[PDB]
Amino acid sequence: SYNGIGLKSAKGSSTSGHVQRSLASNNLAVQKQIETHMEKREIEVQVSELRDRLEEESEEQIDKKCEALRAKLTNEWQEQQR
Amino acid sequence: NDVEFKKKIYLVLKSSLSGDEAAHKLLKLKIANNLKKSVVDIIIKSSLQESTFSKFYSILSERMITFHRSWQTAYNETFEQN
Amino acid sequence: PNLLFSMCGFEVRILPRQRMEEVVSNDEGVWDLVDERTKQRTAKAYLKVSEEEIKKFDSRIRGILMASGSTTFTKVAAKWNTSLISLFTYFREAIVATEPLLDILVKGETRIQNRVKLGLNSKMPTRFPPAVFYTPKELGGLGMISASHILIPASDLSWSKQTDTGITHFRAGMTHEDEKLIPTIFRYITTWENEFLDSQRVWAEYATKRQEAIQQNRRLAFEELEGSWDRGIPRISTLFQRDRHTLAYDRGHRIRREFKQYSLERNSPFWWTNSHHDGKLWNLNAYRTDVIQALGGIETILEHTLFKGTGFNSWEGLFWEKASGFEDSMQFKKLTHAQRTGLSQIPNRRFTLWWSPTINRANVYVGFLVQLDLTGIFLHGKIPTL
RNA sequence: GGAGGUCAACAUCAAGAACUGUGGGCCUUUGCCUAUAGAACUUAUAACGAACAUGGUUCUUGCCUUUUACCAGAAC
RNA sequence: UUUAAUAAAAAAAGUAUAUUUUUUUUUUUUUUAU
Ligand SMILES: [Mg+2]
Ligand SMILES: [Mg+2]
């Protein structure tokens, strides 16, 4: 197969144009930022769980209960950080 | 049988102006496994006959060694025999 | 990374080894350059033939065939031999990587052989084996030196313009029906890098040997410089030149030899060497030995020739100091223009007689057999010399 | 009347996917639109020939002493 | 681990001239008688 190689024709070349393969040619502060964000996120996950359990089965009572849960868990994490 | 074989190897080796071309012709001959040491011996003995070293007889030996394990074991035998 | 240029006829590309990112081994064409302080290879200088030198060679082979009309086949073979020896001898290294020069060499040999064939009025391949053209001139053939029976690298023109791929596919150079191997001239000529490296250590050894001979006054030994009598780049044999004491005064001779092109019609191919000052820089005696082993020997040459019908006892009596006789007498006479070109077909009749079994053979491609008048010879087609 | 012919003449065979005839209307016959009757043979991995030669002119090359005779691609 | 294969002859009229790559140098230490 003419695979890009070879003469275009053997007419003006004075050869046969016989082409053949060559057998000789084979051959930190930012870490603390994400860990702080992970802890504050877990605390906020707790109060979103509270909102899901409350609203699943009183808007102001659920919002104030979530705010008091954020207050209690924020004080608890201020105590658990020291 | 030995002399006519040396003549065939020498005439292959003694046309073919590139090392890749002589390596193509000799790997196209597909000499049997027993006579590979004889072929390597004829190549080295012909390399001695000129007035200096040339990179022809190095290139053809490299293209022999990177073809198959048998040619490399022929050269590892021929270094000890030399 | 590449710094490149083009000196006398050479196109050179110097590339330092710290800019390669893989060090591979190379063929003849690459000179590897020496730091000379630490004696460590620090570059490679890749060689190739300039294009105007390729065109000069092509034009020279054109000028042979135009200038030589009625011109005694042996003389055409001799002119081809000189025009190829000068080429291969000047840029030795850089023939190898030059693709269009290999192509033009193939076309040049087939033009010279086609000249002999059209002289015989037959371009048929089977009448003309390599025995006709490539036997030496003492066995009867034309005596021409081959450089075309190699394989040309041919690999992927679209990527060869961009990458320098390598030699992945070979393609056929110049063949015949019977597969004789024919040696090329390039194996028999020593490349320039090797001969320069040899010349350094040879003239260094001569420096130490001469400077130790002038110590204890041994005053010389020609016996000592015998294997080193033909090394060296000024050729050690020219130190003991026949007349050196009058060649001590010839200064400015390379330029004097080069400027003979502007004041001489018949040029010279060897404008670069001067044998008195520089030696014999090349020798082609072993080529004529290896071609006779390439064609198979004197038996397989002489079964083509008409030697069997002569009845000499031995082939060794083919060799004599043969005097030309008639045409030697006739070339000096007062002789017409038309009558002088007739003299040059006297050697061609002898050449056509000697290879007449092979020319008038029977395994022909097309040809209507005719018979001579008062004999019984059937000659296939029509050759007028035979 | 029927079958047949290595018999003849005359039409016809390559094109908006392509034919002819007729009636009615519009333009002023040609042509356009509308309604109708028939279409053998050849054709879509396109052509009568499940086959396949040569000649001319102009370009582009190849053999290279010039013309025939040629090398091998293109257009008409 | 595998695959590419050009050519191929008849008739008529011609043609200037030189062209070349091929083999060691010869260099000898000795003067009869005191
Ligand atoms: Mg005339
Ligand atoms: Mg004329």
# chains A, B, ... in the order shown; residues from 1 in each chain; ligands from 1
>>> residues_around(residues="range 22-26 of chain B", least_positions_apart="6", cutoff="8 Å", atoms="only C-alpha atoms (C1' of nucleotides)", output="short mmCIF file (atom, residue, chain, number, x, y, z; two decimals) with N, CA, C and O atoms, in the first residue's frame")
data_model
loop_
_atom_site.label_atom_id
_atom_site.label_comp_id
_atom_site.auth_asym_id
_atom_site.auth_seq_id
_atom_site.Cartn_x
_atom_site.Cartn_y
_atom_site.Cartn_z
N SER A 22 11.84 -1.16 5.88
CA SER A 22 13.18 -1.35 6.39
C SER A 22 13.13 -2.17 7.67
O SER A 22 12.54 -1.73 8.66
N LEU A 23 13.74 -3.35 7.64
CA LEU A 23 13.77 -4.19 8.83
C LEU A 23 14.74 -3.63 9.87
O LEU A 23 14.67 -4.00 11.04
N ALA A 24 15.63 -2.73 9.45
CA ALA A 24 16.54 -2.09 10.39
C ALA A 24 15.91 -0.88 11.07
O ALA A 24 16.57 -0.19 11.84
N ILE B 9 28.26 -12.74 2.15
CA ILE B 9 28.16 -11.74 3.20
C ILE B 9 28.98 -10.51 2.87
O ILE B 9 28.54 -9.38 3.09
N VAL B 12 27.21 -8.50 0.15
CA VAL B 12 26.09 -7.75 0.73
C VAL B 12 26.61 -6.55 1.50
O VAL B 12 26.10 -5.43 1.38
N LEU B 13 27.69 -6.75 2.24
CA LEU B 13 28.21 -5.74 3.14
C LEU B 13 28.91 -4.62 2.38
O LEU B 13 29.16 -3.55 2.93
N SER B 15 28.39 -3.55 -1.07
CA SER B 15 27.51 -2.53 -1.62
C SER B 15 26.89 -1.77 -0.45
O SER B 15 27.44 -1.74 0.65
N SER B 16 25.76 -1.10 -0.71
CA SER B 16 24.89 -0.56 0.35
C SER B 16 25.54 0.53 1.20
O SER B 16 25.96 0.25 2.32
N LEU B 60 25.66 -0.76 11.49
CA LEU B 60 25.03 -2.02 11.10
C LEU B 60 24.99 -2.98 12.28
O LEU B 60 24.02 -3.72 12.45
N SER B 61 25.98 -2.92 13.17
CA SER B 61 25.97 -3.75 14.36
C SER B 61 24.91 -3.30 15.35
O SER B 61 24.30 -4.13 16.03
N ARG B 63 22.03 -1.87 14.50
CA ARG B 63 20.74 -2.27 13.93
C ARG B 63 20.58 -3.78 13.93
O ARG B 63 19.47 -4.29 13.78
N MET B 64 21.68 -4.52 14.05
CA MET B 64 21.57 -5.94 14.33
C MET B 64 21.13 -6.19 15.77
O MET B 64 20.23 -7.00 16.01
#
>>> residues_around(residues="residue 50 in chain A", least_positions_apart="3", cutoff="12 Å", atoms="only C-alpha atoms (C1' of nucleotides)", output="ChimeraX atom specification")
/A:43-47,53-57,61-70
>>> select_by_dssp(residues="chain B", states="alpha helix (DSSP H)", output="JSON, numbers by chain")
{"B": [3, 4, 5, 6, 7, 8, 9, 10, 11, 12, 13, 14, 19, 20, 21, 22, 23, 24, 25, 26, 27, 28, 29, 36, 37, 38, 39, 40, 41, 42, 43, 44, 45, 46, 47, 48, 49, 56, 57, 58, 59, 60, 61, 62, 63, 64, 65, 69, 70, 71, 72, 73, 74, 75, 76, 77, 78, 79, 80, 81]}
>>> closest_residue(among="C:191, C:248, C:74, C:92", to="residue 55 in chain B", atoms="only C-alpha atoms")
C:191
>>> interface_residues(of="chain C", to="chain B", cutoff="10 Å", atoms="only C-alpha atoms", output="ChimeraX atom specification")
/C:25-30,95-97,146-153,167-170,180-191,193-195,197-198,227,230-231,290-291,293-294,296
>>> interface_residues(of="chain C", to="chain A", cutoff="12 Å", atoms="only C-alpha atoms", output="ChimeraX atom specification")
/C:100,102-111,113-114,148-160,165-177
>>> residues_near_ligand(ligand="ligand 1", cutoff="12 Å", atoms="only C-alpha atoms (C1' of nucleotides) and all ligand atoms", output="list in words")
residues 66 of chain D; 12, 13 and 14 of chain E
>>> write_last_selection(atoms="C-alpha atoms (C1' of nucleotides)", output="PDB file, in the first residue's frame")
ATOM      1  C1'   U D  66      16.379  15.431 -36.164  1.00  0.00           C
TER       2        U D  66
ATOM      3  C1'   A E  12      15.675   8.402 -43.144  1.00  0.00           C
ATOM      4  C1'   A E  13      19.233  12.150 -42.258  1.00  0.00           C
ATOM      5  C1'   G E  14      23.394  13.165 -38.938  1.00  0.00           C
TER       6        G E  14
END
>>> residues_around(residues="range 138-141 of chain C", least_positions_apart="6", cutoff="10 Å", atoms="only C-alpha atoms (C1' of nucleotides)", output="ChimeraX atom specification")
/C:73-74,77,130-132,292,298,301-302,305,315-316,318-320,350-351,354-355
